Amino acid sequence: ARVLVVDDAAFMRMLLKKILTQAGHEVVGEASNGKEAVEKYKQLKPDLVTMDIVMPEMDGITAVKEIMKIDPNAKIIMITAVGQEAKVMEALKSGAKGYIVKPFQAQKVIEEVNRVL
């Protein structure tokens, strides 16, 4: 069978891939999160999917909060896309120190890195 292997841990995808291949199956693709598994399913139409039941769920804001609990002096720069300004605002409130804009202009990224350090 043609198998899509889904797990956030690269090494776990590799272990499962080895077992599946030894049993005669072909791993036709891999994914590390939910959204990616859906897209790869559409594209590859595998006979079978294996999926870790823990898929990454933690949003940027929560990650900022957790890092700030571990280290109140942490320095975090957010990357924004357009339309997510509300979330960046909240990330800054929760302790992030700045942000940079995609697509990256190298000079502006570096200027912001220097300001934050």
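The first residue of the shown sequence is 1; numbering continues from there.
Colleague: Averaging only over Cα atoms, indicate whether 74-82 or 44-52 has the higher B-factor in the PDB entry.
Modeller: Averaging CA B-factors over each stretch, the winner is 74-82.
Colleague: Between 28-36 and 62-70, point out the one with the higher average CA B-factor as the PDB entry records it.
Modeller: Between 28-36 and 62-70, it is 62-70.
Colleague: Could you say whether, by C-alpha temperature factor, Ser94 belongs to the lowest, middle or highest third of its chain?
Modeller: For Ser94, the deposited C-alpha B-factor lands in the middle third.
Colleague: State the tercile, meaning the lowest, middle or highest third, of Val109 with respect to the CA B-factors recorded for its chain.
Modeller: CA B-factor rank for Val109: lowest third.
Colleague: Comparing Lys17 with the other modelled residues of its chain, is its CA B-factor in the lowest, middle or highest third?
Modeller: As the PDB entry reports it, the C-alpha B-factor of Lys17 lands in the middle third of its chain.
Colleague: Ranked by Cα temperature factor within the chain, is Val101 in the lowest third, the middle third or the highest third?
Modeller: It belongs to the middle third of the chain when residues are ordered by C-alpha B-factor.
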